[PDB]
Every structure is written in C-alpha cells, then in structure tokens.
Amino acid sequence: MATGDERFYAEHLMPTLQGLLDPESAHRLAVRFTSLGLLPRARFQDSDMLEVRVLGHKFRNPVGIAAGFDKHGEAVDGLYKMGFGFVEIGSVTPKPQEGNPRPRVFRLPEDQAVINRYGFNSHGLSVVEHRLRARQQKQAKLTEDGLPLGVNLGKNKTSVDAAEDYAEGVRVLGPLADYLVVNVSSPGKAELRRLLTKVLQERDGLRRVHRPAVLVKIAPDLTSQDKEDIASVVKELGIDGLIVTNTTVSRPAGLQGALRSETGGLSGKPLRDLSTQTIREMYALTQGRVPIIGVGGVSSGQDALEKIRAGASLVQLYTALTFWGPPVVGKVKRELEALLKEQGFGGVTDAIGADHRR
Ligand SMILES: Cc1cc2nc3c(=O)[nH]c(=O)nc-3n(C[C@H](O)[C@H](O)[C@H](O)COP(=O)(O)O)c2cc1C
Ligand SMILES: Cc1c(-c2ccc(-c3ccccc3F)cc2)nc2ccc(Cl)cc2c1C(=O)O
Ligand SMILES: CCCCCCCCCC[N+](C)(C)[O-]
Ligand SMILES: O=C(O)c1cc(=O)[nH]c(=O)[nH]1
C-alpha cells in the first residue's frame, strides 16, 4: 500500500488494484480513500505560471478533475489535496436514480481507455445540496484561494421536461457552485436556445454572491452543423463557457481492448486528439471569446498544453487517474510548467489559443 512516487503507482500499485477489483469497485474505493484524505504527497508547489483567471474566478492551476469521478460531492476536499486546481462534481440529477444495471464500466488497458455506461447514477439534488452546505464556508475560502468548485447538472431518465430538470439543478446547486455545467452531450437549434435561455434566466434569478458561471458540455461526436449551431447559440445567449469534450460513442480503428464493443462512452487516450480538434474548432467558431475547458485523454503536460494551445483556458482529466493514480496530477502540472518554459510562454495564459496565431 503506502506512498509514492509516480513510478510506484503506475508500475505497481494501480495495476495490482486493477487486477484485484472490477472498475466500479475500484471507483467506489477511490472515492472512499480520497474523501478520508488517504492520499500520497502532494509534493508539487503551484507556481504563478500555472495560474489562470477565467469565468470570474482565479484558478491556482489549470488542471481539474472531470465530472463522473465524484458524482455525489463526497470527496471534494480530498481531490483538492490531490493537487487539482478545480473540482467538478456530478452529474447530479434532480431525483435520486440508480443508473444502468451492472456491470456498466469496462476497462481497455491495451488502449489506456475506459468504456462506461453508468447512466447517471445519482444521489440526487437534495442529498448533494446538504453535503455541499455542510462545507459551504470551507469552499468559499478554497474558491478565494484559487480552488473553484463546479457542479455538473444532469436530468432524470424518466423526466418529462428536460429544461425543468436543469432549471431545478440551477436553483438548488447553483448557489453552491462557482460554475454549473449542462450536458448537451452524455452518451436544437431552437430547442437548445430554448433550454439554455431557461437555464440562464434561472441563474440570473439568484442573489449576486450566489451566481455561478454557466457552461455547456459537448460530445466529440457532433456534426459540423451541430457545432456551428452550438457556437451561434452560445454567443447569442452569452453562455459563459464550453467544456470540450464528453466521452465518445465512436470506436476509432485500432482499439485492442477485448471489451471495445461494449455500449457506452469511450474515454482516455483514444479520445485525446478527437477532443483537441473539437476544442480547436469551437475556439475558432467562437472567435476565441468563449472560455473552453479542455478534457479528453489528458495524462501528460504535452496533452494538457496541446489542448491549451488549441484554445482551452483550463483542462480536466479523469481516465488518466485510473491508470496512474493520484501522482498523475503533479506529473501533468510539472510537465506543463516545463513545456511552457521550453516554448517561451510566460505562463498558461499566454499559451491559450497560441496555435491559432501561428
Ligand atoms: C467512469 C466515467 C463516468 C463519467 N461520468 C460523467 C458524468 O457523470 N458527467 C459528465 O459530464 N461526464 C462524465 N464522464 C466524462 C468525463 O468527465 C470526461 O468528459 C471524459 O471521460 C473525457 O476525459 P478523460 O479522457 O480524461 O477521462 C465520465 C467518464 C467516465 C470515465
Ligand atoms: C484503479 C481505479 C481507480 C482509482 C483511482 C484513484 C485511486 C487512489 C485514490 C486515493 C489514494 C490512493 C489511490 F490509489 C485508487 C483507485 N479509479 C477508478 C475510477 C473510475 C473507474 Cl471506471 C475505474 C477506476 C479504477 C480502475 O481502473 O479500476
Ligand atoms: C485505494 C488504494 C489506496 C492505497 C494507497 C494508500 C494511500 C497512502 C496514504 C499515505 N499517508 C500515510 C499519508 O496517509
Ligand atoms: O453517467 C454516465 O453514464 C455518463 C455521463 C456522462 O456525461 N458521460 C459519460 O461518459 N458517462
């Protein structure tokens, strides 16, 4: 057990844990350990180079934990201790729901990938609300210290009115979040405008200290038309940002994992460049004026900086954590800082969208 060390986790601890446990058991255990603060390190001290000011907030470093690891808001503080510059919880649905039957997550070790069809298993808004209320002032200090909190909002499976599910989440969790996320993406145009109009009106109805940024999270499987439409609505309505991307329902040629034909969203290395390209396109479509959080197959500084250069102001990872473990956070940050220096950027901020100016 005990402490590391990137090599010890990646070469020994994590693979052993994967050989003993199915992915959902290891996920639950990870959330357990993290929430108790049973973490190695973190020996990495964030430099001013890594600091980003975006979405009305200061981010100590641009490396966050993506939605889906901490679905129910149970490990937020342990995730900050892990070295993440921001935490996104969820997706959270209005009512509790169990999600899909098990097994519903599948490891593709040869591809450094996962396929998941959790189906939005959620403790629901009420349980999450109280859990965030119990630490609300602690979070206010973390946020002020440059460690913001995002809440990803979902909808119930049997929901009659999608927009109202999101509106409810906005009202309930919005006062507790630095930013909110609406998935247009889990595996309109006038309909999308309709939904996002409602979400933004609900957000604007909150008291001034309790007003989060609103971001839209997209899949990497959208047509060119979908992406044009989204960009257009985002700019018309003044959506605060985009998260790019969710998992893919595509199966790129070359996947080796025996489980590659499982239904669900694919994450990790095979998603990486598909996601970066979507960032590139969404940045150009929004004239570099809409903050993007880049997510999809990030496990190194190069991965992170490619997304930043492509137009991301911030990045997230998830699947890398499942293979490398907690030390992956400091690894990405250390490598990113070294790459920024090597490439003559003063900091992360100078690198945002740098490819578009070549
Ligand atoms: C186990 C699993 C569950 C996920 N659950 C959610 C979810 O609840 N809501 C969401 O927006 N994204 C969810 N995601 C997608 C991730 O947030 C992220 O967009 C995607 O995995 C790409 O990042 P990655 O390659 O670093 O994993 C999930 C991903 C995985 C691996
Ligand atoms: C190992 C692991 C892990 C995982 C991640 C982090 C840790 C960990 C956390 C706190 C301290 C020490 C640790 F090793 C343990 C285990 N998480 C997952 C999350 C979601 C899914 Cl689908 C799979 C996993 C897996 C896995 O591949 O089994
Ligand atoms: C989920 C398996 C986690 C096993 C790793 C245990 C973390 C080491 C704890 C380090 N420390 C002594 C500081 O608590
Ligand atoms: O809960 C899930 O099944 C899920 C949600 C989501 O937004 N993305 C994903 O890959 N899985």
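Residue indices run from 1 on each chain, following the sequence as it is written; they may not match the entry's numbering, and residues absent from the coordinates are omitted. To read the labels, note that chains go from A and ligands from 1, taken in the order they are written. For the side-chain quantities, the full set of heavy atoms in the structure was used; hydrogens and water were omitted. Residues with missing side-chain atoms are left out of burial classes, side-chain pairs and their counts.

As recorded in the PDB header, X-ray crystallography is the method behind this entry, and the stated resolution is 2.400 Å.

Novice: Please clarify how the site of ligand 4 should be interpreted in this entry.
Specialist: Near ligand 4 you find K71, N116, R117, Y118, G119, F120, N183, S186, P187, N246 and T247, and these make up its full shell. Counting of polar contacts relies on pairs of N or O atoms within 3.5 Å, with two restrictions inside protein: one atom must be capable of donating a hydrogen and the other of accepting it, and residues adjacent in sequence are counted only when both atoms are side-chain atoms. For ligand 4, a nitrogen atom lies 2.8 Å from a polar atom in the side chain of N116. Within the contact set of ligand 4, an oxygen atom lies 3.0 Å away from a backbone nitrogen or oxygen of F120. About the coverage of ligand 4: the protein hides 90% of its 290 Å² of free accessible area. Residues are labelled near a given molecule or strand when at least one of their non-hydrogen atoms is within 4 Å of it. Residue exposure ignores everything except the shown protein chains as possible cover, and the areas themselves are Shrake-Rupley values with a 1.4 Å probe.

Novice: Explanation requested: the side chain of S299 in the structure shown.
Specialist: Only DSSP runs of H or I reaching four residues or more are called helices, and only runs of E reaching two or more are called strands; each is numbered from the N terminus. The topology assignment puts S299 in the loop between β12 (292-295) and α10 (301-310). Contact between two residues is taken to exist if any of their heavy atoms lie within 4.5 Å; hydrogens are not considered. When neighbours within four sequence positions are excluded, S299 is seen to be in contact with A320, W324, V328, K331 and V332.

Novice: What should I look at first to understand the nonpolar core in this one?
Specialist: By nonpolar core is meant a set of buried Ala, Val, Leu, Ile, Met, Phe, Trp, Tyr and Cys residues that side-chain atoms within 4.5 Å join together. Burial here depends on accessible area, computed with a 1.4 Å probe over protein chains only, as a share of the maximum for the residue type. Under 20% is buried, over 50% is exposed, and the range in between is partly exposed. Residues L173, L242, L317 and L340 are the most contacted members of the largest nonpolar core, which totals 88 residues. The element best represented in this core is helix α12 (residues 328-342), accounting for six residues. Leaving out residues up to four positions away in the same chain, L317 has contacts with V63, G64, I65, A66, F84, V298, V328 and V332. Among the nonpolar cores identified, the runner-up in size contains six residues, and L108, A113, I115 and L266 belong to it.

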